């Protein structure tokens, strides 16, 4: 069943990918799916490599799936992550704004505060919050990156160009686009908040639970709700910025190996899915969080035949992104 060339971003993911390869070989027969690992410094290099037929698959944050669809890449989503539980699979999650208790400010008082984002172009960390704050940003609002930099009084926006928009990396110099940057991703943005670098972290509903095991510690944090009030972190269903689509594995439109990608991942979730193995775990890792797949994922679901990015994401989310680039107040 041939080999799937997986694209790992940076060393932590590369290590998890090698383990994935090794463990799959020990359980899957020389007749089944195998995994090869291609290491890149950023997801952008992964999209390039896959379009150039040098790699086959990579799991992309949903907000990045739309971009990957554009030419000359035209990658398509083939396998989606799902969350919650196997009994009731959720193909969406909640974007929330975590803050520290007693910090004294609401959503409409974010101007001048310091922000921690999962990464530029990502759903919860960027598209949803910046989409909501768009008109609050000072003019000229284009380029958006600078308008955001001027709005806050220091930020960490992984993957943003620190040369053109220096304040966007004030909280994480260089704005590294990988786990090499300790403040990259959901847990990285949260650490940026915990460490006291930022005042707010735009992450998902499970993020704080993934980083603080004791409720007493979580009680020192809160969420910013859209009605300009705050609520406990366990009340995200009644205090979130929006619901967004699951992250998805993408592949080429031509000779993309989506059939083998699904076969690989479907067998992988049975052998190494949640609570399945004591040797290897697809959804966790001793090397870090959200490596290759999100830790909050509980399994995979195959994307319908030939579905493209726009259709996968849905009209509501697609409109948001488009309205982020355009915008009018």
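Residue numbers count along the first chain shown, from 1.
As the entry records it, the average C-alpha temperature factor is higher for 141-149, out of 141-149 and 182-190. Higher mean CA temperature factor, per the PDB entry, when comparing 98-106 with 242-250: 98-106. When the C-alpha B factors of 28, 291, 62, 47 are read from the deposited coordinates, the top value falls at 28.
Annotation for 56, 275, 295, 279: 275 ranks highest, by Cα B-factor.
Among all modelled residues in its chain, residue 285 ranks in the lowest third by Cα B-factor. Ranked within its chain, residue 111 lands in the middle third, by CA B factor from the PDB record. Residue 75: CA B factor in the highest third of modelled residues in this chain (values from the PDB entry). Sort the modelled residues of the chain by CA B factor and residue 205 lands in the lowest third.
When the modelled residues of the chain are ordered by C-alpha B-factor, residue 117 sits in the lowest third.
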